[PDB]
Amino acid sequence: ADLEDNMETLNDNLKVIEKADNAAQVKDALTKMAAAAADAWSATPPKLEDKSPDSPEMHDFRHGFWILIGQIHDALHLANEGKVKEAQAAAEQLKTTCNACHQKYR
């Protein structure tokens, strides 16, 4: 529930998806990711600790989780359509969204 644990869950489940052999394994990992991002939403990263809760930076930080949550859902839908490799590929591409936030706020 702290920001570290949420980030590990995100990281770990990205690796679970990469190594997965069926759609159920992918779905489970993706829902775990979504829950971690949702929980991360209310956090203040150390580098934005001096900004007000409703500053543009804090809004944008939260928006970074918003984008990720949408994209995790896109990958979930691919898995439900039986597109295992495509869902795995979509999950890998999530790193772009991971990195976008890290570059600004980590």
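Numbering starts at 1 and runs along the sequence shown.
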Using only C-alpha atoms and the B-factors in the entry, which stretch averages higher, 13-21 or 89-97? 89-97
Looking only at CA atoms, which has the higher mean B factor in the entry: 74-82 or 45-53? 45-53
How does the C-alpha B factor of residue 30 compare with the rest of the chain: lowest, middle or highest third? middle
Based on the entry's values, in what third of the chain does the Cα temperature factor of residue 68 lie: lowest, middle or highest? highest
